[PDB]
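Visitor: Dropping in upload.csv, which is CSV, C-alpha atoms and all ligand atoms:
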chain,number,residue,atom,x,y,z
A,1,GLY,CA,-33.8,120.4,97.8
A,2,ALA,CA,-35.1,117.0,96.8
A,3,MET,CA,-31.8,115.2,96.1
A,4,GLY,CA,-32.9,114.3,92.6
A,5,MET,CA,-35.1,112.0,90.5
A,6,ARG,CA,-33.1,108.9,91.3
A,7,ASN,CA,-35.7,106.4,92.5
A,8,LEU,CA,-35.6,103.7,89.7
A,9,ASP,CA,-37.8,101.2,91.5
A,10,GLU,CA,-40.7,101.5,89.1
A,11,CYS,CA,-38.9,98.7,87.3
A,12,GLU,CA,-41.7,96.2,86.5
A,13,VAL,CA,-39.1,93.7,85.3
A,14,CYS,CA,-37.5,93.3,88.8
A,15,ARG,CA,-40.9,92.9,90.2
A,16,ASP,CA,-41.6,90.3,87.5
A,17,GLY,CA,-38.4,88.6,88.7
A,18,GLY,CA,-36.5,89.6,85.6
A,19,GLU,CA,-32.7,89.4,85.3
A,20,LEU,CA,-30.4,92.4,85.7
A,21,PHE,CA,-27.3,92.8,83.5
A,22,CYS,CA,-25.5,95.8,85.0
A,23,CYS,CA,-23.0,96.7,87.6
A,24,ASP,CA,-24.3,98.4,90.8
A,25,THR,CA,-23.0,101.8,89.5
A,26,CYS,CA,-24.5,101.1,86.1
A,27,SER,CA,-27.8,100.0,87.7
A,28,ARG,CA,-28.0,103.1,89.9
A,29,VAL,CA,-28.1,105.3,86.8
A,30,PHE,CA,-29.5,103.2,84.0
A,31,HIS,CA,-31.5,100.6,85.9
A,32,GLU,CA,-34.6,100.8,83.6
A,33,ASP,CA,-32.5,100.5,80.5
A,34,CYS,CA,-30.4,97.8,82.0
A,35,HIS,CA,-33.4,95.5,81.6
A,36,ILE,CA,-33.9,96.2,77.9
A,37,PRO,CA,-34.0,94.1,75.9
A,38,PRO,CA,-35.2,91.6,78.5
A,39,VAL,CA,-35.0,88.8,75.9
A,40,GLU,CA,-31.9,86.5,75.3
A,41,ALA,CA,-29.5,89.0,76.9
A,42,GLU,CA,-26.1,87.6,78.0
A,43,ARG,CA,-26.8,84.8,80.5
A,44,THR,CA,-23.5,83.2,79.6
A,45,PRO,CA,-22.2,83.9,82.1
A,46,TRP,CA,-23.1,87.4,83.1
A,47,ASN,CA,-22.2,90.7,81.5
A,48,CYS,CA,-23.1,94.4,81.9
A,49,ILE,CA,-24.7,95.4,78.7
A,50,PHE,CA,-23.7,99.0,79.2
A,51,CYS,CA,-20.1,98.1,80.0
A,52,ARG,CA,-20.1,95.7,77.1
A,53,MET,CA,-21.2,98.4,74.7
A,54,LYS,CA,-18.7,101.0,76.1
A,55,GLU,CA,-19.9,104.5,76.8
A,56,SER,CA,-19.5,104.0,80.6
B,101,ZN,ZN,-34.8,96.4,87.6
B,102,ZN,ZN,-21.4,98.2,84.1
Starting from the file, lay out its structure as structure tokens.
Guide:
Amino acid sequence: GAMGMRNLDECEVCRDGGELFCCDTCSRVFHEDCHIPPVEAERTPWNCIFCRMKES
């Protein structure tokens, strides 16, 4: 068919040079959400906000 709607490259944040706080697997699925909130998230050192908050 069309494989699926899994082209999460519309991420303005990555274009803006924003940080990413998710594992590759976690980014593949929730990339857009993995940049929210893009304010004062982790940064010490680096944690996956989805893996930090379980449900993964
Ligand atoms: Zn992104
Ligand atoms: Zn993760």
Visitor: Quick one: of A:37, A:53, A:22, A:4, who's nearest to ligand ZN 102 (chain B), counting all atoms listed in the file?
Guide: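 Closest to ligand ZN 102 (chain B), using all atoms listed in the file: A:22.
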Visitor: Once you count only C-alpha atoms, which residues end up no further than 12 Å from (-27.6, 103.6, 80.6) in the file's frame, shown as a PyMOL selection string?
Guide: chain A and resi 21-36+48-56
Visitor: From the set A:39, A:3, A:14, A:8, which residue has the shortest atom-to-atom contact distance to ligand ZN 101 (chain B), counting all atoms listed in the file?
Guide: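 Distance minimum relative to ligand ZN 101 (chain B) lands on A:14.
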Visitor: What does the structure give for the distance between CA of residue 19 (chain A) and CA of residue 42 (chain A), in Å to one decimal?
Guide: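 So the two atoms, CA of residue 19 (chain A) and CA of residue 42 (chain A), lie 10.0 Å apart.
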Visitor: Counting all atoms listed in the file, which of A:46, A:12, A:38, A:7 gets nearest to ligand ZN 102 (chain B)?
Guide: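 Using all atoms listed in the file, the shortest distance to ligand ZN 102 (chain B) belongs to A:46.
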Visitor: Using the atoms already present, construct N, CA, C and O atoms for region 22-48 of chain A and hand them back as a tab-separated table (two decimals), in the coordinates of the input.
Guide:
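Dumped everything to rebuild38.tsv:
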chain	number	residue	atom	x	y	z
A	22	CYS	N	-26.29	94.61	84.76
A	22	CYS	CA	-25.50	95.80	85.00
A	22	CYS	C	-24.84	95.85	86.32
A	22	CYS	O	-25.32	95.23	87.28
A	23	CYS	N	-23.70	96.54	86.38
A	23	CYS	CA	-23.00	96.70	87.60
A	23	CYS	C	-23.82	97.59	88.58
A	23	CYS	O	-24.76	98.25	88.12
A	24	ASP	N	-23.50	97.60	89.87
A	24	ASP	CA	-24.30	98.40	90.80
A	24	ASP	C	-24.30	99.88	90.37
A	24	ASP	O	-25.37	100.48	90.28
A	25	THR	N	-23.13	100.41	90.03
A	25	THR	CA	-23.00	101.80	89.50
A	25	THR	C	-23.88	102.00	88.30
A	25	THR	O	-24.61	102.98	88.19
A	26	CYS	N	-23.80	101.05	87.37
A	26	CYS	CA	-24.50	101.10	86.10
A	26	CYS	C	-26.04	100.99	86.36
A	26	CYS	O	-26.85	101.63	85.68
A	27	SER	N	-26.41	100.20	87.35
A	27	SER	CA	-27.80	100.00	87.70
A	27	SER	C	-28.38	101.23	88.39
A	27	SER	O	-29.53	101.59	88.19
A	28	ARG	N	-27.55	101.89	89.20
A	28	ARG	CA	-28.00	103.10	89.90
A	28	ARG	C	-28.42	104.20	88.98
A	28	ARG	O	-29.26	105.02	89.32
A	29	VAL	N	-27.85	104.20	87.79
A	29	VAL	CA	-28.10	105.30	86.80
A	29	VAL	C	-29.00	104.85	85.69
A	29	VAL	O	-29.89	105.60	85.30
A	30	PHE	N	-28.79	103.66	85.15
A	30	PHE	CA	-29.50	103.20	84.00
A	30	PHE	C	-30.32	101.95	84.23
A	30	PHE	O	-30.49	101.14	83.32
A	31	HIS	N	-30.80	101.78	85.46
A	31	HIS	CA	-31.50	100.60	85.90
A	31	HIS	C	-32.59	100.16	84.87
A	31	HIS	O	-32.63	99.03	84.42
A	32	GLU	N	-33.43	101.12	84.50
A	32	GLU	CA	-34.60	100.80	83.60
A	32	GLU	C	-34.11	100.32	82.27
A	32	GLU	O	-34.71	99.40	81.71
A	33	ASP	N	-33.03	100.90	81.77
A	33	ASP	CA	-32.50	100.50	80.50
A	33	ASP	C	-31.69	99.25	80.56
A	33	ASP	O	-31.54	98.53	79.57
A	34	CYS	N	-31.20	98.96	81.76
A	34	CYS	CA	-30.40	97.80	82.00
A	34	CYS	C	-31.19	96.48	81.92
A	34	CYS	O	-30.63	95.39	82.01
A	35	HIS	N	-32.49	96.61	81.77
A	35	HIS	CA	-33.40	95.50	81.60
A	35	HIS	C	-33.92	95.36	80.22
A	35	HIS	O	-34.86	94.60	79.97
A	36	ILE	N	-33.37	96.14	79.31
A	36	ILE	CA	-33.90	96.20	77.90
A	36	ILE	C	-32.70	95.98	76.96
A	36	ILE	O	-31.71	96.70	77.01
A	37	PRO	N	-32.81	95.00	76.04
A	37	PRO	CA	-34.00	94.10	75.90
A	37	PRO	C	-33.96	93.00	76.96
A	37	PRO	O	-32.91	92.43	77.25
A	38	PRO	N	-35.13	92.64	77.52
A	38	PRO	CA	-35.20	91.60	78.50
A	38	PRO	C	-35.40	90.21	77.87
A	38	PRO	O	-36.04	89.32	78.42
A	39	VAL	N	-34.81	90.04	76.70
A	39	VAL	CA	-35.00	88.80	75.90
A	39	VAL	C	-33.60	88.36	75.36
A	39	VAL	O	-32.96	89.10	74.61
A	40	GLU	N	-33.19	87.16	75.77
A	40	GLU	CA	-31.90	86.50	75.30
A	40	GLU	C	-30.75	87.47	75.45
A	40	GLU	O	-29.96	87.66	74.53
A	41	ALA	N	-30.62	88.06	76.63
A	41	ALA	CA	-29.50	89.00	76.90
A	41	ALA	C	-28.49	88.30	77.80
A	41	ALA	O	-28.80	87.89	78.92
A	42	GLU	N	-27.27	88.18	77.29
A	42	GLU	CA	-26.10	87.60	78.00
A	42	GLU	C	-26.41	86.22	78.53
A	42	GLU	O	-26.52	85.29	77.72
A	43	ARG	N	-26.52	86.05	79.85
A	43	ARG	CA	-26.80	84.80	80.50
A	43	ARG	C	-25.73	83.72	80.32
A	43	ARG	O	-25.92	82.56	80.67
A	44	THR	N	-24.57	84.12	79.81
A	44	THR	CA	-23.50	83.20	79.60
A	44	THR	C	-22.11	83.87	79.66
A	44	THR	O	-21.55	84.20	78.62
A	45	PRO	N	-21.54	84.10	80.86
A	45	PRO	CA	-22.20	83.90	82.10
A	45	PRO	C	-23.06	85.03	82.59
A	45	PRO	O	-24.26	84.89	82.82
A	46	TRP	N	-22.44	86.20	82.69
A	46	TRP	CA	-23.10	87.40	83.10
A	46	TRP	C	-22.29	88.62	82.66
A	46	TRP	O	-21.11	88.70	83.00
A	47	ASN	N	-22.88	89.55	81.92
A	47	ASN	CA	-22.20	90.70	81.50
A	47	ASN	C	-23.05	91.95	81.60
A	47	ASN	O	-24.27	91.87	81.48
A	48	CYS	N	-22.42	93.09	81.86
A	48	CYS	CA	-23.10	94.40	81.90
A	48	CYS	C	-23.25	94.94	80.55
A	48	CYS	O	-22.26	95.34	79.95
